[PDB]
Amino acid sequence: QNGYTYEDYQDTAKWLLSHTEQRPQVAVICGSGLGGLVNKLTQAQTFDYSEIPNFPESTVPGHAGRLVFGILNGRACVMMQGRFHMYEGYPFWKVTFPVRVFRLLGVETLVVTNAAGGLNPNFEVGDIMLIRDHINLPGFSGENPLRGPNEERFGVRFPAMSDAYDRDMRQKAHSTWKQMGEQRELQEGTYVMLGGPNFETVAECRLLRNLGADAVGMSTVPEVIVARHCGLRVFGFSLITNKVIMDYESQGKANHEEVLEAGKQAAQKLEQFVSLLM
């Protein structure tokens, strides 16, 4: 299944370690329309995904496709300014490749972000939802980045996922929000991932909500599974970019354009939160 050898991850971590002096302790993966979180890094050193051996390439609008090292609020971080998705043609073992490289780089905590359509009726476009848990739909069928022989050098054969999203960090993230001075509070809930690229139908939307999901996207989950597998501390949030249409009369239609726009209108609020969070 997984086509990368332990040495492939090594090779790439070796490459990065010899091209930058930066020794990141934290990794941030910036979802759709969230590339601006790169803006405040100091001593920033950028590498295009195209120049890093073994790295996949971002082909979705709103994904720069650059890995940026730097300092943010005192912390040494490496940011994925743009990510990879299954709908682009990538098996999960490709999508999550950076995650294992980060572990090899010496990173200890991974913060994942994404743009998600809201399923919980109380969410509003612009809301930031702390990811308390997830439902891995592709995983139900075996589409899993861990599928195939297990590399004990990364983790165990059957890793647990019920404690995936660090509770401490969600506690902190909430008080940090207090300091934000934001009107609307920091939401929290279950994120469900499905393949995409098409947006949901009304039946699907109703179905997903009844599964207990608050937000839906086409990313994040596989990165978290790989992160946990290799022991990374995980924290994640979705920016509610649109409310998925749950009725046959709504003239509304989900679209990537509005999603990127909502990301832009919130990258500021997100900029400080993630930094103060640092």
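Sequential numbering from 1, following the sequence displayed.
In the other compared entries of this protein that model both flanking residues, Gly31 has coordinates in every one, well short of a third left out. In the record comparison, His63 is unmodelled in at least a third of the other entries of this protein that model the residues flanking it. For the pair 261-269 and 14-22, the mean Cα B-factor is higher in 261-269. Averaged over Cα atoms, the B-factor as recorded in the entry is higher for 34-42 than for the other of 34-42 and 219-227.
For the set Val95, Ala173, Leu208, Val101, the PDB entry assigns the largest Cα B-factor to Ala173. Sorting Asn198, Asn122, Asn114, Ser162 by the CA temperature factor given in the entry leaves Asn122 at the top. Per the deposited record, the Cα B-factor of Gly155 falls in the middle third when ranked against the other modelled residues of its chain. Compared with the other modelled residues of the chain, the Cα B-factor recorded for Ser250 ranks in the highest third.
Per the PDB record, residue ranking by Cα B-factor puts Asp168 in the highest third of the chain.
For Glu185, the recorded CA B-factor ranks within the highest third of the chain. Only modelled residues enter the ranking. In the deposited entry, the Cα temperature factor of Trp177 sits in the top third of values across the chain's modelled residues.
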